[PDB]
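I have a structure here, written as structure tokens, and I will follow up with some questions on it.
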Amino acid sequence: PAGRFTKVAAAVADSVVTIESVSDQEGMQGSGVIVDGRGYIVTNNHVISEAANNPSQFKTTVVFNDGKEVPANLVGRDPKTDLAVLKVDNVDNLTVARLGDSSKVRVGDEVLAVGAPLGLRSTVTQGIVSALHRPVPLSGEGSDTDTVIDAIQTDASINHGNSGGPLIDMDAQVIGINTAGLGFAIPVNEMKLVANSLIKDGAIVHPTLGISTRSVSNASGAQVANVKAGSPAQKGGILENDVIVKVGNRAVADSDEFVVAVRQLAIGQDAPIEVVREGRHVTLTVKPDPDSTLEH
Amino acid sequence: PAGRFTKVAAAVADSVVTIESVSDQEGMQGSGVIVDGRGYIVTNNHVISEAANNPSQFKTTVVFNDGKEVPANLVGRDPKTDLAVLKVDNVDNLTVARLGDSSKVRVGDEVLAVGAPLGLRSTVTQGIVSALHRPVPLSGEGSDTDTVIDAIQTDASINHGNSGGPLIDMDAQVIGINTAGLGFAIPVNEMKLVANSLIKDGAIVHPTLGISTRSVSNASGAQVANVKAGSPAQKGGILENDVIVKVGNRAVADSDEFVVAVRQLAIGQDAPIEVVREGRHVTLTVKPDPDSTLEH
Amino acid sequence: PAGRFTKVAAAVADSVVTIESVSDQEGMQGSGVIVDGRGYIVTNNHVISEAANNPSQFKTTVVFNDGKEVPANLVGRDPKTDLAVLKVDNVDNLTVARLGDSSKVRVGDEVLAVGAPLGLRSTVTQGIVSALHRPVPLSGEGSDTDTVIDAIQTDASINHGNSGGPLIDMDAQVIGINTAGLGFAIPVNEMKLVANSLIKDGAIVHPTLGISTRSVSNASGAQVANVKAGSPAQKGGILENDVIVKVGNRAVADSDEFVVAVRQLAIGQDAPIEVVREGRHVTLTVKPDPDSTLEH
């Protein structure tokens, strides 16, 4: 008499894998998901951060549901979305995950946070979608930049045992990628965008303006702290001590929503920025730079 | 194919509102619920504590599901139950919450802890009723008194994002008011009693005896620490070092249940108190005073 | 219209009891379950640890669902599995719990963590089975040894209010014993084995090898720290600085799985141990000693 969650959890187990990064004096472990039949595996950047920054000493292996251990190769990584793509070579009959549409997720939707069964402290957790489009800060594992993602929030527990693993709907479809770096997942639609750039280019380009913001709230937005010289920000008129209240068509409540709002902008296209300057409401215009010009 | 919790959460979203209290150098946010069509909104006292104690500097606004922001007015507040009533004026076609009966709640009952969708870090959480009539201490936000409430305990998460919002049964009925001050809610039947006094009198009167208690357990109750001079306690015979084991018809296990037991008593009516004094079991008689005589 | 969990929780309430251990200057409380009609009650060892180590000062009582309080007698205890068996004498018409089979539990299975309704801060929590055969360390309450158990992991909350109480499937069958010493339970099949030895012998015998291990992970197992003189370990050839990678037919990932693996072995029977010694893979043979020879 198989249970509702038991059936769903069982159908996706083959699509989830353990990811192990070992050296002479360390080991790191995480979960990941088969998204392409050629052998493409998606996980968090923090899971493999160390192996990516110290590749001469770290070896990465993928452990499958059937105990099979296969060497893995890093295709690309995005510390800004906490995403990374691995590739295993010539592995026959993989079970590829059924990818969903995160736009069609609603608050109250029941979900599972699936970790790879063959993990040391692997965990499968149950809950509901508690919030959508929730900006969340994440700490950088090693030399990596701290970031903020527009996440799906869930009351299912996300921990070391399911981080990098899939967030799954009641149709066994991946609606997100668990990140434990009170549960938070990166939406599947964003992962589809970042994974495609990483498979094809080995990298991804994000917009930049040159602004360090602090959050402000009184009678609410992102307070400009530092503006870099020769930034699109300085060349747009943005001064220090301004309160950013809207980036593009997106209103901003704080420093967290500012970071997410800037990454929604188009590189090289003029974009409006609304700021409160010493009481007056000022609208300026900025053209975003690529974070990495040579890959752009 | 709408989910069980998705449907319930959706039906009550219009009855839940964001409550924002801002000044020149601060902002505070919370959730609340429409209980009356004239515009009556119930939330926690800690959400609006600061605006109530510093009204010359704080402005309170209510943000509806349809983005509508309306100024709000404080009707009354009860730090002792962590409840407060607001009123918005002349707002047409409000969706008033369907109030339930907390007496008919059982352990195991599935519930949602709904926060106002238009809140910064608003949260909708799912769980079950884990305990009924659970005395729980609460910290006082500002100059407010710390209290203890006879709560409904739930394994659904209650946090800043759903505090003041409704605890909802599977019939979309409010069975409680979430308080994040491991989830705890104030029962709907108690909120109905306190809300009626606050709408009508702008205040509420609670019983007092004049006893400070510490909890004791050996071969169990509330140990009398301090008795105020001219208290109903001193005039009833209660001495310091006594162990209160029963207040009225309610047995008391500790200092927490004592506080809740005293508020169940009738003001001005003689009431029995059973104490263990140096080994002997003594029954005394007290007549409770009003905490606020001018409003009584 | 009784809810799914409400019905299950209600059917087992009579089989769960409060356990209170009091002295002149202390009291301790826990939950337990009726497993035998003669009056046999199973709980955690940490709940009654103090009363077992200081029996001249501590009195243990069992409080039933119908308020009935009965003196209890300690039959036996296992700090190594955190299990203890109590016995109440001549109590008519007990509701004995329906014991399940923990071998037939699966990840995703919905469960309840039931605490005794008549407990001070008793709790009933809901969740799913998140992991099976998960070694978990436990702290020793008083003079008791810290241990590690092969647990069932669950996302249902296990705390002071449900510790010692049953973990229950959707058929109202006990599949485990909650231990709060992120939820962990001891499997019913293991409790059945340990309870039978405790009822019959007043004690239980576990295997010993004489090895203190630390966990190691690089390019993974239990690193031998201390070997006791005249131990089966020293007499088998085990040297210090070895990495135990397999005990019997069980692979070992760390110090935690080592402890659980040793207790699965047969006392007095030769058993294989595989170790990595200075790079070389070495297989040795050990014969396990009883932890308590006089009871063996």
Side-chain angles (χ1 to χ4, degrees), chain A residues 2 4-21 29-45 47-48 60-65 67 69-78 81-91 94-97 99-103 105 109-119 122-125 152 156 158 161-179 185-200 202 204, chain C residues 107-108:
Chain A
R4 225 164 30 104
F5 296 114
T6 321
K7 291 179 304 231
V8 178
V12 304
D14 287 343
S15 302
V16 187
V17 283
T18 306
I19 291 150
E20 193 175 330
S21 299
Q29 222 200 56
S31 293
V33 49
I34 312 164
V35 298
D36 195 295
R38 293 187 305 191
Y40 289 109
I41 292 161
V42 184
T43 181
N44 305 130
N45 170 68
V47 173
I48 59 107
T60 302
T61 50
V62 167
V63 189
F64 287 81
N65 211 6
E69 193 161 9
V70 172
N73 279 285
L74 187 49
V75 177
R77 58 181 204 124
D78 188 10
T81 58
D82 192 24
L83 281 169
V85 177
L86 318 168
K87 160 80 178 204
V88 294
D89 278 343
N90 322 95
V91 184
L94 293 181
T95 305
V96 174
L99 298 194
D101 185 353
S102 49
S103 85
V105 171
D109 284 4
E110 301 167 277
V111 287
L112 284 166
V114 184
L118 269 235
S122 77
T123 63
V124 169
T125 62
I152 289 176
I158 309 282
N162 55 15
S163 190
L167 189 69
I168 292 272
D169 66 13
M170 287 315 283
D171 292 323
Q173 297 176 130
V174 176
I175 58 139
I177 299 296
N178 310 321
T179 174
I186 312 146
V188 66
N189 290 4
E190 179 74 358
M191 88 93 91
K192 284 195 289 211
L193 275 180
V194 182
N196 174 264
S197 311
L198 288 184
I199 295 170
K200 285 194 176 356
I204 186 155
Chain C
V107 170

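Here is the naming used below: chain letters follow the sequence lines, and residue numbers restart at 1 for every chain. Values reported hereafter were calculated over all heavy atoms of this structure, with side chains retained and with hydrogens, waters and symmetry mates removed.
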If you compare all heavy atoms of A/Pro166 against all heavy atoms of A/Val174, which two are closest, and at what distance to 0.1 Å?
CB-CG2, 3.7 Å
Gap between atom CD of A/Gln29 and atom OG1 of A/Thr61 - 0.5 Å precision:
8.5 Å
Please report the interatomic distance CD1(A/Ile177) to OG(A/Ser102), rounded to the nearest 0.5 Å.
10.5 Å
My understanding is that only residues two or more places apart in sequence, or in another chain, count here; which of them pass side-chain hydrogen bond (donor to acceptor under 3.5 Å, both in side chains) with A/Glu190?
none
Nearest heavy-atom pair of A/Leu74 and A/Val85: which atoms, and what distance?
CD1-O, 3.4 Å
Minimum heavy-atom separation for A/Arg77 and A/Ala84, please, with both atom names.
CB-CB, 3.9 Å
In chain order, what residues pass the side-chain hydrogen bond (donor to acceptor under 3.5 Å, both in side chains) check against A/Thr125, with sequence neighbours excluded?
A/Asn162
Do A/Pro117 and A/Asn65 make a side-chain contact, defined as non-hydrogen atoms from C-beta onward lying under 4.5 Å apart?
yes
Flag, side chain of A/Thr60 to backbone of A/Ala72, donor-acceptor distance under 3.5 Å:
no
A/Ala116 and A/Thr18: which non-hydrogen atoms are nearest, and at how many Å?
CB-OG1, 3.4 Å
So, taking the atom named CD in A/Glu110 and the one named CZ in A/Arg4, what distance separates them when rounded to the nearest 0.5 Å?
4.0 Å
Separation of A/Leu94 CG from A/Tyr40 OH (nearest 0.5 Å)
12.5 Å
Is a donor on one side and an acceptor on the other found under 3.5 Å between the side chain of A/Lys192 and the backbone of A/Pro187?
no
Say whether, by atom type as modelled, one donor and one acceptor occur between the side chain of A/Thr43 and the main chain of A/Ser31 under 3.5 angstrom.
yes
Closest heavy-atom contact between A/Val42 and A/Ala195?
CG2-CB, 4.5 Å
Just to verify, what does A/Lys7 make a side-chain hydrogen bond (donor to acceptor under 3.5 Å, both in side chains) with, not counting sequence neighbours?
none
Can a donor-acceptor pair be found, under 3.5 Å and without considering hydrogens, that links the side chain of A/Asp82 to the backbone of A/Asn44?
no
Considering the options A/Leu167, A/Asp169, A/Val8, A/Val12, which one meets the side-chain contact (heavy atoms from CB on, under 4.5 Å) requirement together with A/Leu112?
A/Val8
Under 4.5 Å between any side-chain heavy atoms of A/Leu118 and A/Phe64, yes or no?
no
Answer whether the closest heavy-atom distance between the side chains of A/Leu198 and A/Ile204 falls below 4.5 Å.
yes
Quick check for you: to the nearest 0.5 Å, what is the distance between A/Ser21 atom OG and A/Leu86 atom CG?
8.0 Å
Side-chain heavy-atom pair A/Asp101, A/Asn189 within 4.5 angstrom cut-off:
yes
Can you tell me how far the OG atom of A/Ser103 sits from the CD1 atom of A/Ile175, to the nearest 0.5 Å?
11.0 Å
Is A/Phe5 close to A/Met170 at the side-chain level, that is, under 4.5 Å between some pair of heavy atoms?
yes
Please name the pair of heavy atoms, one in A/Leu83 and one in A/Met191, separated by the smallest distance, quoted to 0.1 Å.
CD1-CA, 3.8 Å
